[PDB]
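Visitor: Provided below: target.pdb, containing PDB, C-alpha atoms.
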ATOM      1  CA  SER U  22       9.785  45.555  58.616  1.00  0.00           C
ATOM      2  CA  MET U  23      12.263  43.006  57.521  1.00  0.00           C
ATOM      3  CA  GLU U  24      10.015  40.239  59.034  1.00  0.00           C
ATOM      4  CA  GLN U  25       7.111  41.342  56.692  1.00  0.00           C
ATOM      5  CA  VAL U  26       9.459  41.169  53.688  1.00  0.00           C
ATOM      6  CA  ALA U  27      10.617  37.667  54.670  1.00  0.00           C
ATOM      7  CA  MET U  28       6.993  36.531  54.977  1.00  0.00           C
ATOM      8  CA  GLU U  29       6.271  38.098  51.617  1.00  0.00           C
ATOM      9  CA  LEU U  30       9.183  36.266  50.033  1.00  0.00           C
ATOM     10  CA  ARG U  31       7.832  32.934  51.485  1.00  0.00           C
ATOM     11  CA  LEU U  32       4.403  33.772  49.932  1.00  0.00           C
ATOM     12  CA  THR U  33       6.077  34.539  46.612  1.00  0.00           C
ATOM     13  CA  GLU U  34       7.926  31.295  46.664  1.00  0.00           C
ATOM     14  CA  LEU U  35       4.717  29.348  47.595  1.00  0.00           C
ATOM     15  CA  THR U  36       3.001  31.116  44.656  1.00  0.00           C
ATOM     16  CA  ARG U  37       5.822  29.890  42.377  1.00  0.00           C
ATOM     17  CA  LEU U  38       5.413  26.308  43.529  1.00  0.00           C
ATOM     18  CA  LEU U  39       1.562  26.540  43.265  1.00  0.00           C
ATOM     19  CA  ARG U  40       1.860  27.895  39.691  1.00  0.00           C
ATOM     20  CA  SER U  41       3.863  24.792  38.729  1.00  0.00           C
ATOM     21  CA  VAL U  42       1.303  22.584  40.551  1.00  0.00           C
ATOM     22  CA  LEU U  43      -1.557  24.377  38.739  1.00  0.00           C
ATOM     23  CA  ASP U  44       0.102  23.755  35.383  1.00  0.00           C
ATOM     24  CA  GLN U  45       0.632  20.143  36.058  1.00  0.00           C
ATOM     25  CA  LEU U  46      -3.008  19.652  37.218  1.00  0.00           C
ATOM     26  CA  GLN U  47      -4.394  21.471  34.254  1.00  0.00           C
ATOM     27  CA  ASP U  48      -2.446  19.185  31.877  1.00  0.00           C
ATOM     28  CA  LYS U  49      -4.526  16.368  33.291  1.00  0.00           C
ATOM     29  CA  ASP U  50      -7.568  18.082  31.671  1.00  0.00           C
ATOM     30  CA  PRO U  51      -6.634  17.977  28.016  1.00  0.00           C
ATOM     31  CA  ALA U  52     -10.320  18.387  26.973  1.00  0.00           C
ATOM     32  CA  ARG U  53     -10.293  21.800  28.775  1.00  0.00           C
ATOM     33  CA  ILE U  54     -13.549  20.905  30.544  1.00  0.00           C
ATOM     34  CA  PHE U  55     -12.420  22.734  33.697  1.00  0.00           C
ATOM     35  CA  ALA U  56     -10.581  25.671  32.082  1.00  0.00           C
ATOM     36  CA  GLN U  57     -13.249  28.300  32.510  1.00  0.00           C
ATOM     37  CA  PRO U  58     -16.310  29.033  34.693  1.00  0.00           C
ATOM     38  CA  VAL U  59     -19.469  27.157  33.905  1.00  0.00           C
ATOM     39  CA  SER U  60     -21.432  29.686  31.760  1.00  0.00           C
ATOM     40  CA  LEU U  61     -24.616  30.975  33.477  1.00  0.00           C
ATOM     41  CA  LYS U  62     -25.809  32.074  30.062  1.00  0.00           C
ATOM     42  CA  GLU U  63     -25.596  28.394  28.904  1.00  0.00           C
ATOM     43  CA  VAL U  64     -26.461  26.688  32.260  1.00  0.00           C
ATOM     44  CA  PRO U  65     -28.884  29.231  33.768  1.00  0.00           C
ATOM     45  CA  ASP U  66     -29.864  26.984  36.749  1.00  0.00           C
ATOM     46  CA  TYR U  67     -26.204  26.280  37.733  1.00  0.00           C
ATOM     47  CA  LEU U  68     -26.163  28.372  40.918  1.00  0.00           C
ATOM     48  CA  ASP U  69     -29.302  26.656  42.169  1.00  0.00           C
ATOM     49  CA  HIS U  70     -27.216  23.491  42.236  1.00  0.00           C
ATOM     50  CA  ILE U  71     -23.651  24.599  42.958  1.00  0.00           C
ATOM     51  CA  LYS U  72     -23.063  27.157  45.641  1.00  0.00           C
ATOM     52  CA  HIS U  73     -19.310  27.768  45.167  1.00  0.00           C
ATOM     53  CA  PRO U  74     -18.387  27.393  41.439  1.00  0.00           C
ATOM     54  CA  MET U  75     -14.702  26.978  40.618  1.00  0.00           C
ATOM     55  CA  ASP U  76     -12.512  26.531  37.524  1.00  0.00           C
ATOM     56  CA  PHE U  77      -8.843  26.745  36.575  1.00  0.00           C
ATOM     57  CA  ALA U  78      -9.024  30.358  35.265  1.00  0.00           C
ATOM     58  CA  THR U  79     -10.546  31.588  38.497  1.00  0.00           C
ATOM     59  CA  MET U  80      -7.784  29.730  40.467  1.00  0.00           C
ATOM     60  CA  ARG U  81      -5.100  31.302  38.296  1.00  0.00           C
ATOM     61  CA  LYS U  82      -6.482  34.830  39.012  1.00  0.00           C
ATOM     62  CA  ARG U  83      -6.380  34.123  42.750  1.00  0.00           C
ATOM     63  CA  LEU U  84      -2.886  32.646  42.462  1.00  0.00           C
ATOM     64  CA  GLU U  85      -1.492  35.647  40.600  1.00  0.00           C
ATOM     65  CA  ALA U  86      -2.801  38.002  43.239  1.00  0.00           C
ATOM     66  CA  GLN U  87      -0.884  35.762  45.765  1.00  0.00           C
ATOM     67  CA  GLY U  88      -4.242  34.869  47.228  1.00  0.00           C
ATOM     68  CA  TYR U  89      -3.370  31.301  48.381  1.00  0.00           C
ATOM     69  CA  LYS U  90      -1.680  31.522  51.848  1.00  0.00           C
ATOM     70  CA  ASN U  91      -1.019  27.759  52.100  1.00  0.00           C
ATOM     71  CA  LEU U  92      -1.447  24.577  50.016  1.00  0.00           C
ATOM     72  CA  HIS U  93      -4.665  23.651  51.894  1.00  0.00           C
ATOM     73  CA  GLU U  94      -6.398  26.748  50.429  1.00  0.00           C
ATOM     74  CA  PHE U  95      -5.283  25.843  46.899  1.00  0.00           C
ATOM     75  CA  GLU U  96      -6.378  22.200  47.353  1.00  0.00           C
ATOM     76  CA  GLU U  97      -9.776  23.388  48.586  1.00  0.00           C
ATOM     77  CA  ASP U  98     -10.358  25.242  45.229  1.00  0.00           C
ATOM     78  CA  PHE U  99      -9.118  22.186  43.235  1.00  0.00           C
ATOM     79  CA  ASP U 100     -11.437  19.909  45.061  1.00  0.00           C
ATOM     80  CA  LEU U 101     -14.366  22.304  44.316  1.00  0.00           C
ATOM     81  CA  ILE U 102     -13.704  21.935  40.614  1.00  0.00           C
ATOM     82  CA  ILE U 103     -13.953  18.125  40.889  1.00  0.00           C
ATOM     83  CA  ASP U 104     -16.701  17.907  43.461  1.00  0.00           C
ATOM     84  CA  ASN U 105     -18.997  20.466  41.797  1.00  0.00           C
ATOM     85  CA  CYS U 106     -18.793  18.518  38.506  1.00  0.00           C
ATOM     86  CA  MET U 107     -19.440  15.120  40.139  1.00  0.00           C
ATOM     87  CA  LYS U 108     -22.633  16.520  41.714  1.00  0.00           C
ATOM     88  CA  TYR U 109     -24.045  18.463  38.726  1.00  0.00           C
ATOM     89  CA  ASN U 110     -23.322  15.816  36.145  1.00  0.00           C
ATOM     90  CA  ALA U 111     -24.321  12.174  36.188  1.00  0.00           C
ATOM     91  CA  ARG U 112     -21.971   9.221  36.349  1.00  0.00           C
ATOM     92  CA  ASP U 113     -22.421   8.273  32.685  1.00  0.00           C
ATOM     93  CA  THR U 114     -21.283  11.704  31.313  1.00  0.00           C
ATOM     94  CA  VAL U 115     -18.063  12.853  29.779  1.00  0.00           C
ATOM     95  CA  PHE U 116     -18.007  15.668  32.391  1.00  0.00           C
ATOM     96  CA  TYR U 117     -18.191  13.394  35.428  1.00  0.00           C
ATOM     97  CA  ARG U 118     -15.669  10.970  33.958  1.00  0.00           C
ATOM     98  CA  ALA U 119     -13.305  13.853  33.227  1.00  0.00           C
ATOM     99  CA  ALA U 120     -13.514  14.896  36.861  1.00  0.00           C
ATOM    100  CA  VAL U 121     -12.769  11.403  38.129  1.00  0.00           C
ATOM    101  CA  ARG U 122      -9.665  11.212  35.884  1.00  0.00           C
ATOM    102  CA  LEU U 123      -8.538  14.689  37.024  1.00  0.00           C
ATOM    103  CA  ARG U 124      -8.979  13.746  40.663  1.00  0.00           C
ATOM    104  CA  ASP U 125      -7.030  10.480  40.262  1.00  0.00           C
ATOM    105  CA  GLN U 126      -4.188  11.981  38.266  1.00  0.00           C
ATOM    106  CA  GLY U 127      -4.035  15.177  40.335  1.00  0.00           C
ATOM    107  CA  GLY U 128      -3.673  13.122  43.558  1.00  0.00           C
ATOM    108  CA  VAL U 129      -0.168  12.068  42.483  1.00  0.00           C
ATOM    109  CA  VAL U 130       0.883  15.686  41.895  1.00  0.00           C
ATOM    110  CA  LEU U 131      -0.624  16.973  45.095  1.00  0.00           C
ATOM    111  CA  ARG U 132       0.999  14.260  47.174  1.00  0.00           C
ATOM    112  CA  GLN U 133       4.516  15.449  46.176  1.00  0.00           C
ATOM    113  CA  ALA U 134       3.524  19.120  46.405  1.00  0.00           C
ATOM    114  CA  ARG U 135       2.657  18.594  50.051  1.00  0.00           C
ATOM    115  CA  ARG U 136       6.052  17.002  50.747  1.00  0.00           C
ATOM    116  CA  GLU U 137       7.775  20.000  48.948  1.00  0.00           C
ATOM    117  CA  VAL U 138       5.805  22.626  50.813  1.00  0.00           C
ATOM    118  CA  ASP U 139       6.676  20.998  54.186  1.00  0.00           C
ATOM    119  CA  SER U 140      10.269  20.219  53.105  1.00  0.00           C
ATOM    120  CA  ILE U 141      11.205  23.747  51.769  1.00  0.00           C
ATOM    121  CA  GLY U 142       8.952  25.225  54.543  1.00  0.00           C
TER     122      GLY U 142
END
Can you present the structure in this file as structure tokens?
Guide:
Amino acid sequence: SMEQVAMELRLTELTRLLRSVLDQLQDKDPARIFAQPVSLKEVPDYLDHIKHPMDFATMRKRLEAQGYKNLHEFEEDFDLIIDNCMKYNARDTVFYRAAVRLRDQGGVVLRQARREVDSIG
């Protein structure tokens, strides 16, 4: 149907905007602390602590399969990255501090992304 195509084009365009958002958020992590999944070889107890691990590579795989239907879904995964790190790691660590800075800087980006998603529809 033509309706299904139109919906698919809307999803494609959301995926474009989310790719640009993802790039901008990841630039706020110049240490690359959040680039890849926490290694279960190197942190063997991780899943005892964190039930839904997340990282930028995993988000990018989902994105490229057009697996985010709306910005809320994408924000949920971003927040997991931050929130997981702020639980596993203590306040005095480079990891926790990196997460706080990512959260604070990403807020700016996400605020305008929400306006753009609503605005363009």
Visitor: Which residue gives the smallest distance to residue 141 (chain U) among U:118, U:62, U:73, U:31, with only C-alpha atoms counted?
Guide: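 Among the listed residues, the smallest separation from residue 141 (chain U) belongs to U:31.
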Visitor: Using the chain letters and numbers from the file, give me the residues hit by the PyMOL selection byres ((chain U and resi 52) around 12), as a count of residues only.
Guide: 17
Visitor: Take the PyMOL selection byres ((chain U and resi 101) around 12), run it mentally on this structure, and tell me the resulting residues as a PDB file with C-alpha atoms, in the coordinates of the input.
Guide:
ATOM      1  CA  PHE U  55     -12.420  22.734  33.697  1.00  0.00           C
ATOM      2  CA  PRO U  58     -16.310  29.033  34.693  1.00  0.00           C
ATOM      3  CA  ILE U  71     -23.651  24.599  42.958  1.00  0.00           C
ATOM      4  CA  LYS U  72     -23.063  27.157  45.641  1.00  0.00           C
ATOM      5  CA  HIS U  73     -19.310  27.768  45.167  1.00  0.00           C
ATOM      6  CA  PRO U  74     -18.387  27.393  41.439  1.00  0.00           C
ATOM      7  CA  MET U  75     -14.702  26.978  40.618  1.00  0.00           C
ATOM      8  CA  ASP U  76     -12.512  26.531  37.524  1.00  0.00           C
ATOM      9  CA  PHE U  77      -8.843  26.745  36.575  1.00  0.00           C
ATOM     10  CA  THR U  79     -10.546  31.588  38.497  1.00  0.00           C
ATOM     11  CA  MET U  80      -7.784  29.730  40.467  1.00  0.00           C
ATOM     12  CA  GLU U  94      -6.398  26.748  50.429  1.00  0.00           C
ATOM     13  CA  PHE U  95      -5.283  25.843  46.899  1.00  0.00           C
ATOM     14  CA  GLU U  96      -6.378  22.200  47.353  1.00  0.00           C
ATOM     15  CA  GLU U  97      -9.776  23.388  48.586  1.00  0.00           C
ATOM     16  CA  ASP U  98     -10.358  25.242  45.229  1.00  0.00           C
ATOM     17  CA  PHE U  99      -9.118  22.186  43.235  1.00  0.00           C
ATOM     18  CA  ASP U 100     -11.437  19.909  45.061  1.00  0.00           C
ATOM     19  CA  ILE U 102     -13.704  21.935  40.614  1.00  0.00           C
ATOM     20  CA  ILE U 103     -13.953  18.125  40.889  1.00  0.00           C
ATOM     21  CA  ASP U 104     -16.701  17.907  43.461  1.00  0.00           C
ATOM     22  CA  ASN U 105     -18.997  20.466  41.797  1.00  0.00           C
ATOM     23  CA  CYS U 106     -18.793  18.518  38.506  1.00  0.00           C
ATOM     24  CA  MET U 107     -19.440  15.120  40.139  1.00  0.00           C
ATOM     25  CA  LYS U 108     -22.633  16.520  41.714  1.00  0.00           C
ATOM     26  CA  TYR U 109     -24.045  18.463  38.726  1.00  0.00           C
ATOM     27  CA  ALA U 120     -13.514  14.896  36.861  1.00  0.00           C
ATOM     28  CA  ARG U 124      -8.979  13.746  40.663  1.00  0.00           C
TER      29      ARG U 124
END
Visitor: Pull out every residue that the PyMOL selection byres ((chain U and resi 43) around 10) matches in the shown coordinates and put them as a PDB file with C-alpha atoms, in the coordinates of the input.
Guide:
ATOM      1  CA  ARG U  37       5.822  29.890  42.377  1.00  0.00           C
ATOM      2  CA  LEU U  38       5.413  26.308  43.529  1.00  0.00           C
ATOM      3  CA  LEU U  39       1.562  26.540  43.265  1.00  0.00           C
ATOM      4  CA  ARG U  40       1.860  27.895  39.691  1.00  0.00           C
ATOM      5  CA  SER U  41       3.863  24.792  38.729  1.00  0.00           C
ATOM      6  CA  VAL U  42       1.303  22.584  40.551  1.00  0.00           C
ATOM      7  CA  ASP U  44       0.102  23.755  35.383  1.00  0.00           C
ATOM      8  CA  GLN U  45       0.632  20.143  36.058  1.00  0.00           C
ATOM      9  CA  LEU U  46      -3.008  19.652  37.218  1.00  0.00           C
ATOM     10  CA  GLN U  47      -4.394  21.471  34.254  1.00  0.00           C
ATOM     11  CA  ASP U  48      -2.446  19.185  31.877  1.00  0.00           C
ATOM     12  CA  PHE U  77      -8.843  26.745  36.575  1.00  0.00           C
ATOM     13  CA  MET U  80      -7.784  29.730  40.467  1.00  0.00           C
ATOM     14  CA  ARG U  81      -5.100  31.302  38.296  1.00  0.00           C
ATOM     15  CA  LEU U  84      -2.886  32.646  42.462  1.00  0.00           C
ATOM     16  CA  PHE U  95      -5.283  25.843  46.899  1.00  0.00           C
ATOM     17  CA  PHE U  99      -9.118  22.186  43.235  1.00  0.00           C
ATOM     18  CA  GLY U 127      -4.035  15.177  40.335  1.00  0.00           C
ATOM     19  CA  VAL U 130       0.883  15.686  41.895  1.00  0.00           C
ATOM     20  CA  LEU U 131      -0.624  16.973  45.095  1.00  0.00           C
TER      21      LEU U 131
END
Visitor: Do you have, as CSV, the list of residues of region 32-115 of chain U lying at most 12 Å from region 23-27 of chain U, each with its nearest atom pair and that distance in Å to one decimal, counting only C-alpha atoms and ordered by chain then number?
Guide:
residue,atom,partner,partner_atom,distance
U:32,CA,U:27,CA,8.7
U:33,CA,U:27,CA,9.8
U:34,CA,U:27,CA,10.6
Visitor: Save out the residues we just selected, C-alpha atoms, as a tab-separated table (two decimals), in the frame of the given file.
Guide:
chain	number	residue	atom	x	y	z
U	32	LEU	CA	4.40	33.77	49.93
U	33	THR	CA	6.08	34.54	46.61
U	34	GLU	CA	7.93	31.30	46.66
Visitor: Please report the interatomic distance between CA of residue 36 (chain U) and CA of residue 82 (chain U) in Å with one decimal.
Guide: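 Going from CA of residue 36 (chain U) over to CA of residue 82 (chain U), I get 11.6 Å.
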Visitor: So what do you get for CA of residue 65 (chain U) versus CA of residue 110 (chain U), distance-wise?
Guide: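 Computed distance, CA of residue 65 (chain U) to CA of residue 110 (chain U), equals 14.7 Å.
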Visitor: Using only C-alpha atoms, which residue out of U:117, U:93, U:67, U:112 lies closest to residue 132 (chain U)?
Guide: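 Counting only C-alpha atoms, the residue closest to residue 132 (chain U) is U:93.
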Visitor: Would you place a box with edges along x, y and z of the file around all atoms of region 70-77 of chain U listed there, add 4 Å to each of its six sides, and report the centre and edge lengths in Å to one decimal, as AutoDock Vina command-line options?
Guide:
--center_x -18.0 --center_y 25.6 --center_z 41.1 --size_x 26.4 --size_y 12.3 --size_z 17.1
Visitor: Please indicate the distance in Å from CA of residue 64 (chain U) to CA of residue 83 (chain U), rounded to one decimal place.
Guide: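 Taking CA of residue 64 (chain U) and CA of residue 83 (chain U), their separation equals 23.8 Å.
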Visitor: Under the rule that all atoms listed in the file are counted, which of U:140, U:60, U:133, U:87 is the nearest residue to residue 29 (chain U)?
Guide: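 Looking at the shortest contact to residue 29 (chain U), the residue is U:87.
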